[PDB]
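To keep things clear, I will list the structure first and then write my remarks on it.
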Amino acid sequence: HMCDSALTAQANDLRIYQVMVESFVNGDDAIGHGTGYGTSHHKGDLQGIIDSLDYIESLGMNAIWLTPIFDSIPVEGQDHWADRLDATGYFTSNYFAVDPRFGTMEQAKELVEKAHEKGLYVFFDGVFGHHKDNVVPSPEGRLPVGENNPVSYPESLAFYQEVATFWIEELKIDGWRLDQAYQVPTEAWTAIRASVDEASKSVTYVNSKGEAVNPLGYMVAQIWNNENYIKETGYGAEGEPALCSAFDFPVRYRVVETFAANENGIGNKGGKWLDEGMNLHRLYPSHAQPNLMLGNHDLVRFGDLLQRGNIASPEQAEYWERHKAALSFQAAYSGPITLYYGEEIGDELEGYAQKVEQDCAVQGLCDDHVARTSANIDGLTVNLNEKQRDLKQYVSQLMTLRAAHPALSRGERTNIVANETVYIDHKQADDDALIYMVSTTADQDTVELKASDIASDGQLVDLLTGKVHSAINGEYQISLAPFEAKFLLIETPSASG
Ligand SMILES: OC[C@H]1O[C@H](O[C@H]2[C@H](O)[C@@H](O)[C@@H](O[C@H]3[C@H](O)[C@@H](O)[C@@H](O)O[C@@H]3CO)O[C@@H]2CO)[C@H](O)[C@@H](O)[C@@H]1O
Ligand SMILES: [Ca+2]
Ligand SMILES: [Ca+2]
């Protein structure tokens, strides 16, 4: 079974806001795990997310992805580590019940229905390769087979097909993020994809515009590895697709290594570094649809990497400029994109920056869960300061801009310049053509652009400020402030491109 081309077209417009449920908004102070991995209140729940949908929608996002919300049943006598694990949802017991520390089944149904009203898709987190030891049998009487971690395929396939279809039929969720997807063999992903596509076409709901639609059936694999492994374990071969979308970890690293440093300190790369990462998409088969995120619940926050690398701090202007540069790269990236909660306000963990190794789990400070900080949602859990609001407004402008210009979400990309100081892409989709330019240097600069090299015949219009740029002797001259990005509409493209 090939990938569905209608879904691929729809997937390019996904602007996904990721929510780690336990550490997000404590909306019902009567329920919650109260322990976990991270420094948050550990009492996030479905009411908190429900209270946050309007905020999320005004960001410009059109989807939410929740970490697993299914029932992780406590085993009598289990140690404190097993209580913390239960709060993550990643080692569950009952795939067919909502964990009562997060809420009820009725509240889940209310969450999805309300998100659908406000114009948001909903994705759940499917862990189909491992589970807690006390896993509970399915409604149709199935159980997964083999070890708890990993389970055996194909014996466990009937069980996980039942999981994947249950929440689509019951709540009409729009798809699945697929945890540690290399644990499930590619053969089985095709079969689970068939069930999801079938389950999704067998139910409908009314979207925010009155239209009755099927749930999307989106599926995106999490494979924390490089391009050859994402290809081998996730996308599959040319002509023989396994999954159709995986997270773009390689380009995520290029971004933070250009505009900050990664968890290991590799940093201060330039525009050439971004461009080489995008060119490595050639290693994927033609059906592959990578999904670019900047961070997630397993990665240190951008803001803390800036501080870790001694690059910038929230008091300094470069800290905010560098956030905007990275977020602008994402907004220009063709394909689905995902934003981890708090990136839109440059969140960081006060008093933390350097890596903490010894005894880090109990302090909530290991690199793989330190981003699970309590959600600062403006108007709900926090009043933002002027710099946080300025960044959130900018993320809104990017997402609104992206929703309006096909060249950003599904454009063909052609690189114009990639050097130590600037990165300039040409994006074209139908007759929407624009130039994306971002500075990768702390110095101000002027960019010379030959009108013929970018297939431009008329003017360039800054899509955010409105400034017209006119060519003189066949050249545009644009000034770039340090780490400043501009989206320039090619107002009258040439005969071809
Ligand atoms: O004490 C051991 C270990 O516990 C914690 O690790 C857990 C993660 O916090 C938890 O989320 C889950 O990890 C999953 C990832 O989040 C998920 O994105 C996927 O890609 O991989 C994991 C499989 O679900 O489970 C791990 C433990 O297995 C804590 O964060 C660690 O520091 C600690 O070492
Ligand atoms: Ca709560
Ligand atoms: Ca910090």
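Every chain in the structure tokens has a letter given in the order shown (A, B, ...), and although residue numbers restart at 1 in each chain, ligands are simply numbered from 1 in the order shown.
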
Please provide as a list in words all residues within 12 Å of residue 3 of chain A, with the sequence filter that same-chain residues fewer than 5 positions apart are discarded (counting only C-alpha atoms).
residues 8, 9, 11, 189, 190, 193, 194, 197, 217, 218, 219, 235, 236, 238, 239, 240, 241, 242, 243, 244, 245, 285, 286, 287, 288 and 289 of chain A

Selection above as a file: N, CA and C atoms, as a PDB file, in the first residue's frame:
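File written: again.pdb
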```pdb
ATOM      1  N   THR A   8      -1.209  13.268   2.209  1.00  0.00           N
ATOM      2  CA  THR A   8       0.042  14.005   2.076  1.00  0.00           C
ATOM      3  C   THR A   8      -0.218  15.483   1.836  1.00  0.00           C
ATOM      4  N   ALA A   9      -1.167  15.795   0.954  1.00  0.00           N
ATOM      5  CA  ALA A   9      -1.492  17.192   0.700  1.00  0.00           C
ATOM      6  C   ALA A   9      -1.979  17.869   1.974  1.00  0.00           C
ATOM      7  N   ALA A  11      -1.357  16.932   5.071  1.00  0.00           N
ATOM      8  CA  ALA A  11      -0.342  16.915   6.115  1.00  0.00           C
ATOM      9  C   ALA A  11       0.593  18.117   6.029  1.00  0.00           C
ATOM     10  N   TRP A 189       3.926  -1.776  10.301  1.00  0.00           N
ATOM     11  CA  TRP A 189       3.467  -0.392  10.159  1.00  0.00           C
ATOM     12  C   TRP A 189       2.517  -0.252   8.985  1.00  0.00           C
ATOM     13  N   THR A 190       2.804  -0.939   7.874  1.00  0.00           N
ATOM     14  CA  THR A 190       1.907  -0.889   6.727  1.00  0.00           C
ATOM     15  C   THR A 190       0.526  -1.392   7.112  1.00  0.00           C
ATOM     16  N   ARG A 193      -1.093   1.056   9.383  1.00  0.00           N
ATOM     17  CA  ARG A 193      -1.522   2.187   8.562  1.00  0.00           C
ATOM     18  C   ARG A 193      -2.817   1.867   7.811  1.00  0.00           C
ATOM     19  N   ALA A 194      -2.987   0.621   7.363  1.00  0.00           N
ATOM     20  CA  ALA A 194      -4.224   0.261   6.666  1.00  0.00           C
ATOM     21  C   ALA A 194      -5.422   0.309   7.601  1.00  0.00           C
ATOM     22  N   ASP A 197      -6.221   4.032   8.242  1.00  0.00           N
ATOM     23  CA  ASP A 197      -6.870   4.635   7.081  1.00  0.00           C
ATOM     24  C   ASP A 197      -8.300   4.131   6.931  1.00  0.00           C
ATOM     25  N   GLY A 217      -6.270  10.648   9.691  1.00  0.00           N
ATOM     26  CA  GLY A 217      -5.422   9.476   9.602  1.00  0.00           C
ATOM     27  C   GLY A 217      -3.941   9.789   9.509  1.00  0.00           C
ATOM     28  N   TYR A 218      -3.505  10.931  10.039  1.00  0.00           N
ATOM     29  CA  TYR A 218      -2.086  11.259  10.018  1.00  0.00           C
ATOM     30  C   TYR A 218      -1.301  10.300  10.906  1.00  0.00           C
ATOM     31  N   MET A 219      -0.133   9.881  10.438  1.00  0.00           N
ATOM     32  CA  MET A 219       0.762   9.112  11.288  1.00  0.00           C
ATOM     33  C   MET A 219       2.198   9.585  11.113  1.00  0.00           C
ATOM     34  N   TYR A 235      10.561   5.101   7.012  1.00  0.00           N
ATOM     35  CA  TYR A 235       9.967   5.381   5.708  1.00  0.00           C
ATOM     36  C   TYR A 235       9.859   4.125   4.861  1.00  0.00           C
ATOM     37  N   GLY A 236      10.856   3.234   4.936  1.00  0.00           N
ATOM     38  CA  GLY A 236      10.911   2.083   4.057  1.00  0.00           C
ATOM     39  C   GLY A 236      11.505   2.418   2.695  1.00  0.00           C
ATOM     40  N   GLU A 238      11.946   2.876  -1.549  1.00  0.00           N
ATOM     41  CA  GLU A 238      11.245   3.522  -2.651  1.00  0.00           C
ATOM     42  C   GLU A 238      10.241   2.544  -3.241  1.00  0.00           C
ATOM     43  N   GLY A 239       8.996   2.991  -3.380  1.00  0.00           N
ATOM     44  CA  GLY A 239       7.942   2.138  -3.876  1.00  0.00           C
ATOM     45  C   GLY A 239       7.314   1.191  -2.872  1.00  0.00           C
ATOM     46  N   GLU A 240       7.859   1.067  -1.658  1.00  0.00           N
ATOM     47  CA  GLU A 240       7.347   0.131  -0.649  1.00  0.00           C
ATOM     48  C   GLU A 240       7.190   0.828   0.699  1.00  0.00           C
ATOM     49  N   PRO A 241       6.345   1.855   0.776  1.00  0.00           N
ATOM     50  CA  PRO A 241       6.314   2.686   1.983  1.00  0.00           C
ATOM     51  C   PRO A 241       5.894   1.897   3.209  1.00  0.00           C
ATOM     52  N   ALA A 242       6.572   2.172   4.324  1.00  0.00           N
ATOM     53  CA  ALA A 242       6.128   1.719   5.635  1.00  0.00           C
ATOM     54  C   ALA A 242       5.293   2.814   6.291  1.00  0.00           C
ATOM     55  N   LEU A 243       5.939   3.831   6.851  1.00  0.00           N
ATOM     56  CA  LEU A 243       5.239   5.029   7.288  1.00  0.00           C
ATOM     57  C   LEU A 243       5.540   6.157   6.316  1.00  0.00           C
ATOM     58  N   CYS A 244       4.698   7.194   6.342  1.00  0.00           N
ATOM     59  CA  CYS A 244       4.820   8.297   5.395  1.00  0.00           C
ATOM     60  C   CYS A 244       5.385   9.567   6.016  1.00  0.00           C
ATOM     61  N   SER A 245       5.447   9.658   7.340  1.00  0.00           N
ATOM     62  CA  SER A 245       5.937  10.856   7.992  1.00  0.00           C
ATOM     63  C   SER A 245       6.733  10.482   9.237  1.00  0.00           C
ATOM     64  N   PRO A 285      13.235   8.272   0.497  1.00  0.00           N
ATOM     65  CA  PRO A 285      12.444   7.952  -0.695  1.00  0.00           C
ATOM     66  C   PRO A 285      11.419   9.043  -0.984  1.00  0.00           C
ATOM     67  N   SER A 286      10.885   9.001  -2.205  1.00  0.00           N
ATOM     68  CA  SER A 286      10.073  10.111  -2.691  1.00  0.00           C
ATOM     69  C   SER A 286       8.792  10.306  -1.901  1.00  0.00           C
ATOM     70  N   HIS A 287       8.318   9.290  -1.193  1.00  0.00           N
ATOM     71  CA  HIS A 287       7.074   9.404  -0.442  1.00  0.00           C
ATOM     72  C   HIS A 287       7.263  10.004   0.936  1.00  0.00           C
ATOM     73  N   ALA A 288       8.508  10.273   1.335  1.00  0.00           N
ATOM     74  CA  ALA A 288       8.799  10.650   2.709  1.00  0.00           C
ATOM     75  C   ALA A 288       8.349  12.072   2.964  1.00  0.00           C
ATOM     76  N   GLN A 289       7.705  12.274   4.105  1.00  0.00           N
ATOM     77  CA  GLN A 289       7.247  13.597   4.520  1.00  0.00           C
ATOM     78  C   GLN A 289       7.773  13.870   5.929  1.00  0.00           C
TER      79      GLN A 289
END
```

Show me which residues are within 8 Å of ligand 2 counting only C-alpha atoms and all ligand atoms, and format the list as a PyMOL selection string.
chain A and resi 25-32+43-45+47-48+101-102

Would you put the residues from that selection into a file with N, CA and C atoms, as a CSV table (one decimal), in the first residue's frame?
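Writing the result to part03.csv gives the following:
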```csv
chain,number,residue,atom,x,y,z
A,25,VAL,N,-0.9,22.1,32.0
A,25,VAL,CA,-1.8,22.9,32.9
A,25,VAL,C,-2.5,22.0,33.9
A,26,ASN,N,-2.3,22.3,35.1
A,26,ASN,CA,-3.1,21.7,36.2
A,26,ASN,C,-4.5,22.4,36.2
A,27,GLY,N,-5.4,21.9,35.5
A,27,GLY,CA,-6.7,22.5,35.3
A,27,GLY,C,-7.8,22.1,36.3
A,28,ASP,N,-7.6,20.9,37.0
A,28,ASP,CA,-8.5,20.4,38.0
A,28,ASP,C,-7.7,20.0,39.2
A,29,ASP,N,-7.6,20.9,40.2
A,29,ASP,CA,-6.6,20.6,41.2
A,29,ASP,C,-6.9,19.4,42.1
A,30,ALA,N,-8.0,18.7,41.8
A,30,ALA,CA,-8.4,17.6,42.6
A,30,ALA,C,-7.8,16.3,42.0
A,31,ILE,N,-7.2,16.3,40.8
A,31,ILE,CA,-6.6,15.1,40.2
A,31,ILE,C,-5.2,15.4,39.7
A,32,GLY,N,-4.5,14.3,39.6
A,32,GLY,CA,-3.1,14.4,39.0
A,32,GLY,C,-2.1,13.5,39.7
A,43,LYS,N,0.7,17.7,37.8
A,43,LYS,CA,-0.7,17.6,37.9
A,43,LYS,C,-1.5,18.1,36.7
A,44,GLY,N,-0.8,18.2,35.6
A,44,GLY,CA,-1.5,18.5,34.3
A,44,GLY,C,-2.6,17.4,34.0
A,45,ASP,N,-3.6,17.8,33.3
A,45,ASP,CA,-4.8,17.0,33.1
A,45,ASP,C,-5.5,17.4,31.9
A,47,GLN,N,-8.5,18.8,31.7
A,47,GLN,CA,-9.2,20.1,31.9
A,47,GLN,C,-8.2,21.2,31.6
A,48,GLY,N,-7.0,21.1,31.9
A,48,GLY,CA,-6.0,22.1,31.6
A,48,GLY,C,-5.8,22.3,30.1
A,101,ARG,N,-5.8,9.9,36.6
A,101,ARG,CA,-5.0,11.1,37.0
A,101,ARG,C,-5.1,12.2,36.0
A,102,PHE,N,-5.5,11.9,34.7
A,102,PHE,CA,-5.6,12.9,33.7
A,102,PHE,C,-7.1,13.3,33.5
```

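Between atom CA of residue 309 of chain A and atom CA of residue 296 of chain A the separation is 19.1 Å.
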
Give as a PyMOL selection string the residues surrounding ligand 3 up to a distance of 8 Å, considering only C-alpha atoms and all ligand atoms.
chain A and resi 303-304+307+348-353

Output for the residues just chosen: N, CA and C atoms as a PDB file, in the first residue's frame:
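Generated file (part-v9.pdb):
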```pdb
ATOM      1  N   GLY A 303      15.946  27.707  24.803  1.00  0.00           N
ATOM      2  CA  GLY A 303      16.413  28.741  25.714  1.00  0.00           C
ATOM      3  C   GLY A 303      17.529  28.264  26.619  1.00  0.00           C
ATOM      4  N   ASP A 304      17.441  27.021  27.098  1.00  0.00           N
ATOM      5  CA  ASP A 304      18.499  26.492  27.954  1.00  0.00           C
ATOM      6  C   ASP A 304      19.760  26.102  27.170  1.00  0.00           C
ATOM      7  N   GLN A 307      21.742  29.267  26.894  1.00  0.00           N
ATOM      8  CA  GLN A 307      22.451  29.472  28.139  1.00  0.00           C
ATOM      9  C   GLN A 307      23.521  28.410  28.339  1.00  0.00           C
ATOM     10  N   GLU A 348      12.474  28.811  29.614  1.00  0.00           N
ATOM     11  CA  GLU A 348      13.673  28.129  30.069  1.00  0.00           C
ATOM     12  C   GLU A 348      13.522  27.891  31.563  1.00  0.00           C
ATOM     13  N   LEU A 349      14.280  26.923  32.070  1.00  0.00           N
ATOM     14  CA  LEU A 349      14.202  26.526  33.473  1.00  0.00           C
ATOM     15  C   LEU A 349      15.145  27.394  34.289  1.00  0.00           C
ATOM     16  N   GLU A 350      14.581  28.275  35.118  1.00  0.00           N
ATOM     17  CA  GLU A 350      15.406  29.182  35.914  1.00  0.00           C
ATOM     18  C   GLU A 350      16.407  28.411  36.768  1.00  0.00           C
ATOM     19  N   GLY A 351      17.660  28.836  36.725  1.00  0.00           N
ATOM     20  CA  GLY A 351      18.677  28.197  37.529  1.00  0.00           C
ATOM     21  C   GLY A 351      19.276  26.945  36.932  1.00  0.00           C
ATOM     22  N   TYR A 352      18.947  26.625  35.695  1.00  0.00           N
ATOM     23  CA  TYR A 352      19.445  25.442  35.030  1.00  0.00           C
ATOM     24  C   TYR A 352      20.060  25.823  33.691  1.00  0.00           C
ATOM     25  N   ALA A 353      21.185  25.210  33.352  1.00  0.00           N
ATOM     26  CA  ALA A 353      21.707  25.369  31.999  1.00  0.00           C
ATOM     27  C   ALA A 353      22.671  24.237  31.681  1.00  0.00           C
TER      28      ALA A 353
END
```

How would you report the residues lying within 10 Å of ligand 1, as a short mmCIF file (atom, residue, chain, number, x, y, z; two decimals) with N, CA, C and O atoms, in the first residue's frame, if you count only C-alpha atoms and all ligand atoms?
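Result went into out-v4.cif, see below:
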```cif
data_model
loop_
_atom_site.label_atom_id
_atom_site.label_comp_id
_atom_site.auth_asym_id
_atom_site.auth_seq_id
_atom_site.Cartn_x
_atom_site.Cartn_y
_atom_site.Cartn_z
N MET A 20 2.96 17.92 26.62
CA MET A 20 3.23 16.83 27.56
C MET A 20 2.26 16.96 28.73
O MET A 20 2.35 17.91 29.51
N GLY A 36 6.52 12.64 38.98
CA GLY A 36 6.85 12.51 37.58
C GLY A 36 8.32 12.78 37.36
O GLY A 36 9.09 12.89 38.31
N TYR A 37 8.69 12.86 36.09
CA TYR A 37 10.07 13.13 35.68
C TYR A 37 10.09 14.53 35.10
O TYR A 37 9.44 14.78 34.08
N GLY A 38 10.81 15.43 35.76
CA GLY A 38 10.79 16.85 35.47
C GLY A 38 10.52 17.66 36.72
O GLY A 38 10.35 17.14 37.81
N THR A 67 0.92 13.68 24.53
CA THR A 67 1.62 12.49 24.98
C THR A 67 0.59 11.51 25.55
O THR A 67 -0.54 11.92 25.85
N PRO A 68 0.93 10.23 25.70
CA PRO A 68 -0.11 9.23 26.00
C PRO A 68 -0.95 9.59 27.23
O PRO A 68 -0.43 10.01 28.27
N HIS A 80 9.18 4.27 43.68
CA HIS A 80 8.89 5.64 43.28
C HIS A 80 9.20 5.86 41.80
O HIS A 80 8.54 6.69 41.15
N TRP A 81 10.16 5.12 41.25
CA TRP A 81 10.45 5.22 39.82
C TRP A 81 9.23 4.84 38.98
O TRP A 81 8.88 5.54 38.02
N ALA A 82 8.56 3.74 39.34
CA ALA A 82 7.34 3.32 38.66
C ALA A 82 6.18 4.32 38.83
O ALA A 82 5.31 4.40 37.96
N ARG A 84 6.74 7.64 38.89
CA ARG A 84 7.11 8.71 37.96
C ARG A 84 6.83 8.27 36.53
O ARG A 84 6.27 9.05 35.74
N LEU A 85 7.20 7.03 36.19
CA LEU A 85 6.94 6.50 34.85
C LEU A 85 5.45 6.54 34.53
O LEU A 85 5.06 6.88 33.41
N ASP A 86 4.61 6.21 35.51
CA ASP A 86 3.17 6.21 35.28
C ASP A 86 2.69 7.59 34.85
O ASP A 86 1.75 7.69 34.05
N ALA A 87 3.34 8.67 35.32
CA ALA A 87 2.90 10.01 34.94
C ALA A 87 3.28 10.39 33.51
O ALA A 87 2.68 11.33 32.96
N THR A 88 4.24 9.70 32.89
CA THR A 88 4.63 10.02 31.52
C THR A 88 3.67 9.45 30.49
O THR A 88 3.56 10.01 29.39
N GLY A 89 2.98 8.34 30.82
CA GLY A 89 2.11 7.64 29.91
C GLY A 89 2.79 6.68 28.95
O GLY A 89 2.11 6.01 28.17
N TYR A 90 4.12 6.56 28.98
CA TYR A 90 4.84 5.83 27.95
C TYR A 90 4.93 4.33 28.23
O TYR A 90 5.40 3.58 27.36
N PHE A 91 4.45 3.88 29.39
CA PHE A 91 4.48 2.47 29.75
C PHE A 91 3.12 2.16 30.37
O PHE A 91 3.00 2.05 31.59
N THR A 92 2.11 2.02 29.52
CA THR A 92 0.73 2.01 29.98
C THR A 92 0.23 0.59 30.28
O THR A 92 0.87 -0.42 29.98
N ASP A 125 -0.67 9.76 21.21
CA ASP A 125 0.66 9.17 21.22
C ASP A 125 0.53 7.66 21.39
O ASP A 125 0.15 7.17 22.46
N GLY A 126 0.82 6.91 20.33
CA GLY A 126 0.67 5.48 20.34
C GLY A 126 1.99 4.79 20.59
O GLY A 126 2.95 4.97 19.83
N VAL A 127 2.05 4.03 21.68
CA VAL A 127 3.25 3.27 22.02
C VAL A 127 2.96 1.82 21.69
O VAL A 127 2.38 1.10 22.51
N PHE A 128 3.33 1.39 20.49
CA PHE A 128 2.95 0.07 20.01
C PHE A 128 4.09 -0.93 20.08
O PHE A 128 3.97 -2.04 19.56
N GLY A 129 5.19 -0.59 20.76
CA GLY A 129 6.30 -1.51 20.87
C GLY A 129 6.62 -1.95 22.28
O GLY A 129 7.40 -2.89 22.46
N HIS A 130 6.03 -1.31 23.28
CA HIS A 130 6.29 -1.69 24.67
C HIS A 130 5.14 -1.19 25.54
O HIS A 130 4.31 -0.39 25.09
N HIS A 131 5.09 -1.68 26.78
CA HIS A 131 4.00 -1.41 27.71
C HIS A 131 4.40 -1.89 29.09
O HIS A 131 5.40 -2.60 29.26
N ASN A 149 8.99 -5.22 26.55
CA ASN A 149 9.80 -4.22 25.90
C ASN A 149 11.03 -4.82 25.22
O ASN A 149 12.01 -5.12 25.89
N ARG A 177 0.96 9.89 16.77
CA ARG A 177 2.41 9.95 16.83
C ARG A 177 2.90 8.60 17.37
O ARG A 177 2.35 8.07 18.34
N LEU A 178 3.91 8.03 16.72
CA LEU A 178 4.23 6.62 16.87
C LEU A 178 5.55 6.46 17.62
O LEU A 178 6.63 6.61 17.04
N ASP A 179 5.46 6.12 18.89
CA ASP A 179 6.61 6.18 19.77
C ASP A 179 7.62 5.09 19.46
O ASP A 179 7.24 3.95 19.18
N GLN A 180 8.91 5.44 19.56
CA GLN A 180 10.03 4.55 19.23
C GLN A 180 9.71 3.59 18.09
O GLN A 180 9.85 2.38 18.23
N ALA A 181 9.33 4.15 16.95
CA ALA A 181 8.71 3.36 15.90
C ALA A 181 9.61 2.26 15.35
O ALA A 181 9.09 1.31 14.73
N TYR A 182 10.93 2.32 15.56
CA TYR A 182 11.78 1.23 15.08
C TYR A 182 11.54 -0.08 15.81
O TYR A 182 12.04 -1.12 15.36
N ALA A 221 6.12 8.92 12.65
CA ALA A 221 7.00 8.07 13.45
C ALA A 221 8.02 8.90 14.20
O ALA A 221 8.63 9.82 13.64
N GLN A 222 8.23 8.57 15.47
CA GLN A 222 9.38 9.10 16.18
C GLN A 222 10.51 8.09 16.11
O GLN A 222 10.44 7.00 16.70
N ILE A 223 11.58 8.47 15.42
CA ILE A 223 12.77 7.66 15.27
C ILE A 223 13.92 8.62 15.52
O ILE A 223 14.25 9.46 14.67
N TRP A 224 14.53 8.52 16.70
CA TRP A 224 15.59 9.42 17.14
C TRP A 224 16.93 8.92 16.62
O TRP A 224 17.74 8.34 17.34
N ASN A 296 11.21 18.80 21.92
CA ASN A 296 10.10 18.01 22.41
C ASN A 296 10.36 17.74 23.88
O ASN A 296 11.29 18.30 24.47
N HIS A 297 9.56 16.87 24.47
CA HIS A 297 9.68 16.52 25.87
C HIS A 297 10.95 15.71 26.19
O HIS A 297 11.19 15.43 27.37
N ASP A 298 11.76 15.32 25.20
CA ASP A 298 12.99 14.56 25.42
C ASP A 298 14.23 15.40 25.19
O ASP A 298 15.34 14.91 25.39
N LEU A 299 14.07 16.64 24.74
CA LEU A 299 15.18 17.49 24.36
C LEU A 299 15.24 18.71 25.26
O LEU A 299 14.21 19.21 25.72
N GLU A 357 24.32 15.34 35.47
CA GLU A 357 24.43 13.91 35.24
C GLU A 357 24.12 13.10 36.49
O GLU A 357 23.13 12.35 36.52
N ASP A 359 22.62 11.80 39.72
CA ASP A 359 21.42 11.97 40.53
C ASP A 359 20.43 12.94 39.88
O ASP A 359 19.75 13.70 40.57
N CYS A 360 20.35 12.92 38.55
CA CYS A 360 19.57 13.95 37.86
C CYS A 360 18.08 13.63 37.82
O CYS A 360 17.27 14.56 37.89
N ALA A 361 17.70 12.35 37.73
CA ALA A 361 16.29 12.01 37.61
C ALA A 361 15.48 12.55 38.79
O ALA A 361 14.45 13.21 38.59
N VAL A 362 15.94 12.29 40.02
CA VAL A 362 15.18 12.74 41.20
C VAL A 362 15.12 14.26 41.25
O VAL A 362 14.15 14.83 41.75
N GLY A 364 14.84 16.03 38.56
CA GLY A 364 14.10 16.48 37.40
C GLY A 364 14.94 17.25 36.41
O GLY A 364 14.44 18.20 35.79
N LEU A 365 16.22 16.89 36.26
CA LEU A 365 17.12 17.69 35.46
C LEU A 365 17.93 16.91 34.42
O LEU A 365 18.88 17.48 33.87
N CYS A 366 17.61 15.65 34.13
CA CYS A 366 18.29 14.99 33.03
C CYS A 366 17.91 15.66 31.72
O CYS A 366 16.81 16.22 31.57
N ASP A 367 18.85 15.63 30.77
CA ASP A 367 18.59 16.20 29.45
C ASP A 367 17.34 15.61 28.80
O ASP A 367 16.69 16.29 28.00
N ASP A 368 16.98 14.36 29.10
CA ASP A 368 15.87 13.73 28.39
C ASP A 368 14.51 14.05 28.99
O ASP A 368 13.49 13.58 28.46
N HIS A 369 14.44 14.82 30.09
CA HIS A 369 13.13 15.23 30.59
C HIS A 369 13.15 16.61 31.24
O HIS A 369 12.14 17.00 31.82
N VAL A 370 14.24 17.37 31.15
CA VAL A 370 14.26 18.69 31.79
C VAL A 370 13.35 19.69 31.09
O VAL A 370 13.04 20.74 31.65
N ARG A 372 10.30 19.27 30.58
CA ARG A 372 8.96 19.03 31.08
C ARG A 372 8.70 19.95 32.28
O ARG A 372 8.51 19.53 33.44
#
```

Let's see if you can do this: from backbone DSSP, list all alpha helix (DSSP H) residues in segment 155-396 of chain A, as a PyMOL selection string.
chain A and resi 157-171+186-201+227-230+249-259+271-279+302-308+317-331+360-363+386-396

Using only C-alpha atoms, which residue out of A:172, A:272, A:450, A:427 lies closest to residue 497 of chain A?
A:427

A:262, A:21, A:401, A:374: which is nearest residue 41 of chain A, counting only C-alpha atoms?
A:374

Residues within 6 Å of segment 481-494 of chain A, only C-alpha atoms, excluding chain neighbours under 4 positions, as JSON, numbers by chain:
{"A": [325, 433, 434, 435, 436, 437, 438, 439, 440, 441, 442, 443, 444, 455, 456, 457, 458, 459, 460, 461, 462, 463]}

Only C-alpha atoms, please: the residues just picked out, written as a short mmCIF file (atom, residue, chain, number, x, y, z; two decimals), in the first residue's frame.
```cif
data_model
loop_
_atom_site.label_atom_id
_atom_site.label_comp_id
_atom_site.auth_asym_id
_atom_site.auth_seq_id
_atom_site.Cartn_x
_atom_site.Cartn_y
_atom_site.Cartn_z
CA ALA A 325 15.68 32.94 13.62
CA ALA A 433 6.90 32.56 -5.02
CA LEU A 434 8.96 34.05 -2.23
CA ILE A 435 12.47 34.39 -0.89
CA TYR A 436 13.29 33.28 2.65
CA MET A 437 16.42 34.86 4.09
CA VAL A 438 17.85 34.46 7.58
CA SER A 439 21.07 35.80 9.08
CA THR A 440 23.31 33.24 10.81
CA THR A 441 25.74 35.77 12.30
CA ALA A 442 25.81 38.29 15.11
CA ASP A 443 26.92 41.08 12.75
CA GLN A 444 24.65 43.25 10.62
CA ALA A 455 13.52 34.50 -11.16
CA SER A 456 12.16 37.92 -10.17
CA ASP A 457 10.97 40.52 -12.67
CA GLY A 458 9.30 43.10 -10.45
CA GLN A 459 9.55 43.99 -6.79
CA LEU A 460 10.10 42.16 -3.52
CA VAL A 461 7.60 42.91 -0.75
CA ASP A 462 8.39 42.15 2.87
CA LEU A 463 5.43 40.00 3.87
#
```

If you run DSSP on the backbone, which residues of segment 23-265 of chain A are strand (DSSP E), as a ChimeraX atom specification?
/A:63-66,70-71,94-98,121-126,175-178,205-206,212-213,218-221,236-237,240-241,245-247

Which residues are near segment 139-144 of chain A? Cut-off 9 Å, only C-alpha atoms, ignore same chain within fewer than 2 positions. Put them as a ChimeraX atom specification.
/A:96,135-137,146-148,151-153,155-160,162

Excluding segment 336-346 of chain A and residues on its chain fewer than 4 positions from it, collect all residues at most 7 Å away from it, counting only C-alpha atoms, and give them as an MDAnalysis selection string.
chainID A and resid 11:19 291:296 303 323 330 375:376 388:389 391:392 395

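If you look at atom CA of residue 200 of chain A and atom CA of residue 215 of chain A, they are 5.3 Å away from each other.
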
For a quick check of understanding, using only C-alpha atoms, which of A:479, A:421, A:204, A:409 has the smallest distance to residue 333 of chain A?
A:409

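Between atom CA of residue 249 of chain A and atom CA of residue 225 of chain A there is a distance of 6.9 Å.
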
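Residues surrounding segment 49-62 of chain A within 6 Å are residues 15, 46, 47, 111, 120, 396, 399 and 400 of chain A [only C-alpha atoms; sequence separation below 2 positions excluded].
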
Go ahead and save the residues from that selection, with C-alpha atoms, as an mmCIF file, in the first residue's frame.
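Below is the file again-v6.cif, written as the result:
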```cif
data_model
loop_
_atom_site.group_PDB
_atom_site.id
_atom_site.type_symbol
_atom_site.label_atom_id
_atom_site.label_comp_id
_atom_site.auth_asym_id
_atom_site.auth_seq_id
_atom_site.Cartn_x
_atom_site.Cartn_y
_atom_site.Cartn_z
ATOM 1 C CA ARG A 15 1.048 23.238 12.428
ATOM 2 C CA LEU A 46 -7.386 17.093 30.353
ATOM 3 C CA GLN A 47 -9.176 20.062 31.884
ATOM 4 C CA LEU A 111 -11.523 17.720 24.543
ATOM 5 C CA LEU A 120 -7.660 22.041 15.654
ATOM 6 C CA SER A 396 1.531 34.086 15.443
ATOM 7 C CA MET A 399 1.942 30.741 11.507
ATOM 8 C CA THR A 400 -0.620 33.113 9.981
#
```
